[PDB]
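Presented below, as C-alpha cells, is a lone chain in the form whose entry title says "inactive state".
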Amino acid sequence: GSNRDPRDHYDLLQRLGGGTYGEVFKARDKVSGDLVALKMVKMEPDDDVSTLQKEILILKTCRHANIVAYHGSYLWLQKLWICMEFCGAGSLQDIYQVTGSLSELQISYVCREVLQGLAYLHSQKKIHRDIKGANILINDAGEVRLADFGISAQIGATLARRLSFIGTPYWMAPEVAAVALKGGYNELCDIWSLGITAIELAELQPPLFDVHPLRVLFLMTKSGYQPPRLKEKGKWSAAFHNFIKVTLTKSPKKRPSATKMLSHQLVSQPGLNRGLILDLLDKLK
C-alpha cells in the first residue's frame, strides 16, 4: 500500500457502520466518480504495522465475484484505510430488520452466492469463521457479496499446541465449541454457519438467540445434542428442510463441502437470480 493521505484520491462521506474492530465509511473516487467503501482501522502508536501489511497481501491475491473487490490501502497518521467495493443496501441484517423474513427463493439465492464465495475461500485455504446475515452484503443491483475472505485455515500451525476461536457463538459449529475440550475444526465450520444463517433469514434471529452465548456453546458439547431446525414445518418446502438438515449435520466428517452443497436441489433449482433481491429491496418503502 501507500503511506499517504487517502483524501488525495477520495472524498470521505457517510459512516456506514463500525464497532470496536473499527469503522467503515462511504466515499467517492475523485477521478472516476465511482462510490467505494473505506474500512478504517485505527492503530495505537505501538502497534506492529507489518502485521497489518501482511493481511493486506491476502486482499491483493484473492479475487472472486461473491467477495467484495479490493482497490488499495492507505496507511496515514495511525489509521489504516482499506478501499473496498461499495454495496448500497448494506448487510442482510440491515435489510431484514426493516423488510422482515426473506422468502424461500430469496434465501435459496443468497445461499447459492454465499456457497460460491465459500467454495472459492476454502480453495484458497482460508476459513471465514463468522458467516451470518450481518457479514453478507447486498448491492443496489441485488448482487450478494462477502465482506472479506477470512484468514488462513492454518493459524498457529507451527505451534506445539492448538488455538480455538470465538466468532459469534449462535452461528458457531459444535466442533468449534468442543475445541474447548477436544482438538480440531476445519473449513466445514462455515457450512454449519451458513445453515444457521438460512434460519436467521427465514426467522428473524438464529436459534437460541435469547440463551446466554456460552450456554449455547456448552449445550452443543453434550451427548444427545440435537441440531437446530426451522420452527414452522408447513411454511417451507422439503428441499429447504433437507438443506438445513445436511448443512447442520453434527459431525464434520459427515458434513458436505461448499462444492457438494452447490449441487443441492435448493440452490441448483432454476429461477435464482438478483431479481429476487431487487424485490426484497422494493419492500424498504
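The numbering used is simple: start at 1 and walk along the sequence shown. Between two forms, the rigid core is the largest collection of C-alphas that superpose within 1.5 Å.
Below, we refer to the form whose entry title says "active state", which is not included among the displayed structures.
Task: Entry of 58, 217, 246, 239 that shows, once the rigid core is matched between the shown form and the other one, a C-alpha shift of 2 Å or more - done: The one that shifts is 58.
Task: Did residue 150 shift 2 Å or more between the shown form and the other one, C-alpha, core superposed - done: Result for residue 150: yes, a 2 Å-plus shift.
Task: Direction of the Cα shift between residue 64 and residue 151 in that other deposited form, where the change is 3 Å or more - done: More distant in that other deposited form, by 3 Å or more.
Open item on the list: Distance change of 3 Å or more between the C-alpha atoms of residue 260 and residue 149 in that other deposited form: closer or farther compared with this structure?
Closed with: The answer is farther, because the C-alphas of residue 260 and residue 149 separate from each other in that other deposited form by 3 Å or more.
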